[PDB]
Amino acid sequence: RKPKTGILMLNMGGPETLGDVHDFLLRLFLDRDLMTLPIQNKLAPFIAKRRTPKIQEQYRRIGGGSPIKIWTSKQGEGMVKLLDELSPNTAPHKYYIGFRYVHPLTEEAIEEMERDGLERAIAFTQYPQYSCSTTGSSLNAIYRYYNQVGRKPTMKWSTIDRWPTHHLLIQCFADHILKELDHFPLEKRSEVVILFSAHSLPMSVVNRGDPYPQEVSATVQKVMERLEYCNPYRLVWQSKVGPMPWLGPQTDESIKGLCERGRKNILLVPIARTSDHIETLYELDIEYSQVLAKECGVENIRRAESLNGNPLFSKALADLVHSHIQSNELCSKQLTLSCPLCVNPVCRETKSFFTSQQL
């Protein structure tokens, strides 16, 4: 039978080959939500051209491009197989990838979903903890697509806009941490300090109200509860760029500081993403675990495996979607409150897009 229920998996994406780097950067610098540059239509291509060599070099250091699409595909296949059994009344299910800055783009995916004549479309963010710069930006693209195509949707929409504490996500993280603790020397296991690391935000974004640091903090505590507080931890933040203030502590400074303080056995845990990413394979694994850690005289630094193709994580995706369908909800209660100092007029329009849907 023709597909009945579309699951739109949303992610920023990354360039699949070196050749895709420039236009990934160009689409990003053009995104008026993410940044207000003067004369932005002229500055965006110039900044993309300037930054491209450096970013292509990073992807070169990890094998030539981003693995996000492979992993997103494998997890979406697994999720659809389960949902056809779990939810016969909404089957067949089909997953679609909507990347914000590379192909397939969010707008290309919506065009195909409509072409396919689905009865309902679920905007399923692949970021478990909500930031306006991540999930909000992917949801804004859905609202803006219909606003700009000048037609109403032909499908019933709803969103799973966050899931920072789903019990099977927490189980996957706990399982990968225990697997990685087993690979330290046994005599150092109990000395291991865990740094959960997540992409940082600028403080201008924290201070306007972004939900993300409190949600990532929640994910951390539920993982440590499941692990029975077996090792001590901190939550720290990676990927800061530029001269402005961002939320710290920084993951690089924290690795170096712990080493300087005699804690030389460290487990990194990428707590805000669901697959490997340049953040993990370059920044944590090369910049921090090889170079920085070597300079400071670490004894053992390891990183928990990304969730990637763990079948339990496909089972989480499916249970999220199945609960969402049975609840009839259109979005979380949290999406109905925009940031207290939000200055972007589209956030309200996108919230209303979802809360106002027929059903």
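Numbers follow the displayed sequence, beginning with 1.
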_Mean C-alpha B-factor comparison - 267-275 and 136-144, higher one_ = 136-144
*May I ask you to compare 32-40 and 309-317 by their mean CA B factor in the entry and name the higher one?*
32-40
*If you check the C-alpha B-factor for each of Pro128, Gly209, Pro92, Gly257 in the entry, which is highest?*
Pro92
*Based on what the PDB entry reports, which of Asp161, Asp175, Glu112, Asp252 has the top C-alpha B-factor?*
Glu112
*Taking the entry's C-alpha B-factors for this chain, is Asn344 in the lowest, middle or highest third?*
highest
*Would you mind checking where the Cα B-factor of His166 ranks among the modelled residues of its chain, as the lowest, middle or highest third?*
lowest
*Among modelled residues of the same chain, the CA temperature factor third for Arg189*: middle
*Tell me, lowest, middle or highest third: where does the Cα B factor of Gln326 rank within its chain?*
highest
*What third of its chain, lowest, middle or highest, does the C-alpha temperature factor of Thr52 fall into?*
highest
